[PDB]
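just coords:
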RNA sequence: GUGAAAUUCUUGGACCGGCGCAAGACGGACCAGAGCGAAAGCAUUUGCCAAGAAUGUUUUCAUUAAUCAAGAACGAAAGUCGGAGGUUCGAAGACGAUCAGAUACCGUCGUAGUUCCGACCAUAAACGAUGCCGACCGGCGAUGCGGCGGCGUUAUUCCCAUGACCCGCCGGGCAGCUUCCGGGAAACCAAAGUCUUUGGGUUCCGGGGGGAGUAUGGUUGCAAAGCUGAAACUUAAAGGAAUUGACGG
Ligand SMILES: [Mg+2]
Ligand SMILES: [Mg+2]
Ligand SMILES: [Mg+2]
Ligand SMILES: [Mg+2]
Ligand SMILES: [Mg+2]
Ligand SMILES: [Mg+2]
Ligand SMILES: [Mg+2]
Ligand SMILES: [Mg+2]
Ligand SMILES: [Zn+2]
Ligand SMILES: [Zn+2]
């Protein structure tokens, strides 16, 4: 059955730290402990090892990423901009 | 120009001066305000294009 | 009026009052059946088969010249598609919209169109399961539908 | 002042307030230009140089305007 | 009572029309509701054309026109007398007043 | 007119009216014989064809599908089928 | 040099108008504006041969 | 238009032609000289891709680098598992022109 | 009053009532 | 800067003119009783991505449909939360004026906000103050899209295609003018007609004015608030459309 109405993963914190802080950390913890689909082997086994470090259990590929998500939106936009500037630089 | 149209202007920035003569080179052109405003009319479409070249 | 659009278009096809095969049509029933079988082996849906037959081979209605409809002929020979054509195309459209949506999260218009498409899919599937064309436990799953089409 | 500094002709560039604000030149344009003409100064080209935004920031006064 | 069939604006098959600022008071007026006047006035007064022509360095100089489009809220349009109240029947005609060429 | 004869319309207004709104539905399309120059065989082509029709003996296009009617390639002869 | 001299009568706009007649007629076709974005180092000989011979 | 065409043709290769799914079976079919087309996901390891290309050159068979990945190639094949390499023995649908 | 300002006055009064009831 | 002023900036060069740099907003004029979208809404170029109405169809399925409690998606602006950004404008606030007073209208400055991304909220005169689907019932000239048919002009080219115009027809739209179709209390409406000659299908919803969209209960929401929602008591009128008169800074 459903065990909690809204706290979900931050039910481990009990009544402590405040509702807004628990709500704030809930999404970050979900993204932190989620298992991502590896873009090298295709298996959903890419998970965080340390802060910013993401490892895949299948192909043993370690990727440097975000603290809580596998990649940040900032880095994705940066990669797109770098690709655009590289293809502009040469002709 | 001796007998060209008058609604066209030129920028002609100065690069070098020798003696009492300032020497200019092309810097840009533009139409006059009245010509541009008179060209735009209703019940018609205008097409605007820009290109770096 | 359209099912999911506020459009009241009238563009249809006016089938002629003459049900007789035209005299210049030399094609016999077996020849048309062979053409349908070949075009089905090429992978054409019955709508495309009818379009090709009308455009190129000069047959007006397959039902008029053979006595049977195209899907009837395919099902009789046993090479009719497992999914109905329009249901297949609706699932294909929904899969395409979902593929576009998982990259463009802000496309709320695409979400609205996806909702409309899935409503159409479920209504068509309910009709087909009532007619027992589909298995009675047939269900459209948005996650696993992508392998069923294309 | 121009005559005592040896200038005999003048190109004219009329300007209004421009920008997001009004585009009609003030009451002084006509009299200033006519006085320049009647003072012996020669007149050359005339052109409007009012700043026209391709589109501007929000004009002051609120959405209900200047209530008077 | 519904005074006008079109509600005093040109919006027919639209939901929203972008607003414009009144040229007199800077009021946010819908673009299809505002009174528009496109004045094409000589850049010099008709009293001063002769003096400018005399003081021109050119012989056949064509004086510039001034192209200004004006937008008014109906408050400023009525107060500035460009538009006037009309009788109930006379409100229904859309033909602009004649130019008075002669 | 209070006494329009709905039973016997003349062919002019019968042809101008919409295909569905006629007294009896009649398609506006037809079938045509198409002669490609340099080829002897004859292809029966729909007047409103939605596909590119090709000669089986020559790699030549006969019609280009458009919004309403397939535009025949130039140099190609065509006639009607039984009105 | 021969860009500036050919935009002096705006032959570019005239051939643009001539080229666009098969799509939709155009009447007031001009190069409304050109601006100078980058310049090559100001070689004095080039400026001199633009002014002189 | 190329991606939708290859997806439709791959769907029609299934249910109508002889194929084989996977790396080991693809190599087996290639060295038996009966694989007429090899399709590779761009997710393929570069060493595996290069080796399969060398095998294809030796056997004179075509290689198509699929514009998806092993998950999407598996979906395009109609399967619920990832396929990274596959070989068509005979299409039955003119994916491979005579 | 203007109906909008009666609405605003009523909203202020409703907030005050909610506060007083919560105080118990 | 204003009706006039004043706060304010100014021999420290303020304002003005010129040349550049930086930033963030904003996409004029073209722009229309024009288009698209379920609405909210949507206007710089170019590319990509899916989507769509209308039209054409001698293509296919063959009743799969219309409206819909519960439920679901979207939902202007303002407001809330987190992160960027903050040019202008500008709630609050400060000051200068006006004034009998002036906590305002006017002016100067200026916070939140207005900008982007992510998450809430679910309200507008969210209007056509006008449910959806279907059928019938006047005329006319236009407009946008698609298709069809025709003198001709034009673009290149040698001709037809194909564009740009001209004249018509068909289908779907935004509308407009006229009408003793008919309706209505009338204003007005070709729908607000086809209604005592009352019945095409269906959904939501009103029962004199206040109290009151209030109290209470329940529920959603971080909050603001949203949804459901009385009663006591009070009142003989409140309202709608039109006419005459009076009055109008
Ligand atoms: Mg006033
Ligand atoms: Mg009134
Ligand atoms: Mg609105
Ligand atoms: Mg908002
Ligand atoms: Mg913030
Ligand atoms: Mg200010
Ligand atoms: Mg009903
Ligand atoms: Mg009551
Ligand atoms: Zn991996
Ligand atoms: Zn105003």
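Arrived safely, thanks for sending. Numbering: from 1, shown residues only, chains lettered A, B, ... in the order given. Ligands and ions are numbered 1, 2, ... in the order given.

mind checking the SS state of residue 32?
This is for chain A. Recorded secondary structure, residue A:32: helix (DSSP: H, G, I helix; E, B strand; the rest coil).

wait, chain F was what I had in mind.
strand.

that one and residue F:42 touch, don't they?
No - assessed by Cβ atoms under 8 Å, residue F:32 is found out of contact with residue F:42, at 9.9 Å. The way it works is simple: take the backbone N, C-alpha and C, and place the C-beta from them, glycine included.

for the closest residue to residue D:26 other than its chain neighbours, what are its contacts?
Among residues not flanking residue D:26 along the chain, residue D:16 sits closest, at 7.1 Å (Cβ to Cβ, 6 or more residues apart in numbering or on different chains). Residue D:16 makes contacts with D:22-26, D:50, as judged by Cβ atoms under 8 Å, 6 or more residues apart in numbering or on different chains.

ok, so of those residues, who is nearest residue B:16?
For the contacts of residue D:16, the closest approach to residue B:16 (Cβ to Cβ) belongs to residue D:50, at 34.2 Å.

list the contacts for that closest one?
B:33, D:14-18, D:23, D:25 are the contacts of residue D:50 under Cβ under 8 Å, 6+ apart.

tell me the bridge partners for the closest residue to residue E:74 other than its chain neighbours.
Leaving aside its sequence neighbours, residue E:74 sits nearest to residue E:35 (Cβ to Cβ, 6+ apart; 6.7 Å). On the basis of DSSP bridges, residue E:35 is bridged to residue E:72.

what residue is smack in the middle of chain I?
Centroid check for chain I by Cα atoms, centre = their mean gives residue I:13 as the closest residue, at 2.0 Å.

any idea how far that residue is from residue I:20?
11 Å (Cβ to Cβ, to the nearest Å).

could you do residue D:54 as well?
Counting by Cβ to Cβ, the separation of residue D:54 from residue I:20 is 57 Å.

about what we covered before: higher neighbour count, residue F:32 and residue F:42?
Set residue F:32 next to residue F:42 and count neighbours by other Cβ atoms under 10 Å in any protein chain shown: residue F:32 wins out with 22 against 15.

which residues does that one contact?
F:44-47, F:78-81.

and those, which two are furthest apart?
Longest span within the contacts of residue F:32, Cβ to Cβ: F:46 and F:79, 14.3 Å.

so those two - more neighbours on which side?
Shown here are residue F:46 and residue F:79; by other Cβ under 10 Å, residue F:46 has more neighbours (24 against 9).

which helix or strand contains the closest residue to chain A within chain I?
Relative to chain A, the nearest point of chain I is residue I:22 (17.6 Å; Cβ to the nearest Cβ). For residue I:22, the host element (DSSP states H and E) is helix I:3-23.

near chain D at all, that helix?
No - using Cβ under 8 Å from any Cβ of the partner chain, helix I:3-23 stays clear of chain D, with a minimum separation of 15.2 Å.

does that helix come close to RNA strand J?
Yes - on the criterion Cβ under 7 Å from any atom of the strand, helix I:3-23 is in touch with RNA strand J at I:6, I:10-15, I:17-18, I:21.

can you map out the helices along chain A?
Assigned by DSSP state H, the helices in chain A fall at A:19-33, A:73-89.

please work out which of those is packed deepest.
helix A:19-33 (a mean of 14; mean count of other Cβ atoms under 10 Å in any protein chain shown).

which residue ranges form the strands in chain H?
Secondary structure of chain H (DSSP state E): strands at H:18-21, H:37-41, H:62-66, H:85-90.

got JSON lines for those strands, with distance to chain A and mean neighbour count too?
Putting these into JSON lines (distance: least, Cβ to the nearest Cβ, whole Å; neighbours: other Cβ atoms under 10 Å in any protein chain shown) gives the following:
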{"stretch": "strand H:18-21", "distance to chain A": "14", "mean neighbour count": "18"}
{"stretch": "strand H:37-41", "distance to chain A": "8", "mean neighbour count": "22"}
{"stretch": "strand H:62-66", "distance to chain A": "13", "mean neighbour count": "15"}
{"stretch": "strand H:85-90", "distance to chain A": "13", "mean neighbour count": "22"}
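
quick one: closest of the ones you listed to ligand 10.
Ligand 10 lies closest, by Cβ to the ion, to one member of the strands of chain H: strand H:62-66, at 64.0 Å.

now do the closest one: distance to the chain's middle.
7 Å (Cα atoms, centre = their mean, to the nearest Å).

same check, this time on stretch E:81-95
15 Å.

so what touches it?
E:4, E:35, E:37, E:72, E:74, E:77-78.

which of those are buried?
When these are checked for burial by 16 or more other Cβ atoms under 10 Å in any protein chain shown, the buried set is E:35, E:72, E:77.

out of those residues, which is nearest to residue A:14?
Closest to residue A:14 out of the buried ones among the contacts of stretch E:81-95 is residue E:72 (65.1 Å), distances taken as Cβ to Cβ.

the closest one: what's it in contact with?
Neighbour list for residue E:72: E:22-24, E:29, E:34-35, E:37, E:80, E:82 [criterion: Cβ under 8 Å, 6+ apart].

now swap in residue G:27 and tell me
residue G:17.

give me the residue from chain D nearest ligand 9.
residue D:55 (50.2 Å).

separation between the residue in chain B sticking out farthest from the centre and chain C?
Ranked by distance from the centre of chain B (Cα atoms, centre = their mean), the top residue is residue B:19, with 28.4 Å. Counting by Cβ to the nearest Cβ, to the nearest Å, the gap from residue B:19 to chain C is 65 Å.

and residue D:11, how many residues sit next to it?
Residue D:11: 10 neighbours (other Cβ under 10 Å).

name all residues that make contact with the closest residue to it other than its chain neighbours.
Spatial nearest neighbour of residue D:11, excluding adjacent residues (Cβ to Cβ, 6+ apart): residue D:44 at 4.5 Å. Contacts for residue D:44 (Cβ under 8 Å, 6+ apart) come out as D:9-12, E:56-58.

try it again at 7 Å.
With contact set as Cβ atoms under 7 Å, 6 or more residues apart in numbering or on different chains, residue D:44 has these partners: D:9-11, E:57.

for chain G, state which of the residues you listed is nearest.
So of these, ranked by how close each gets to chain G (Cβ to the nearest Cβ), first place is residue D:11, at 20.1 Å.

in the host helix or strand of that closest one, what counts as buried?
Using DSSP H and E, residue D:11 sits within strand D:9-14. With burial defined by 16+ other Cβ under 10 Å, the residues of strand D:9-14 counted as buried are D:10, D:12, D:14.
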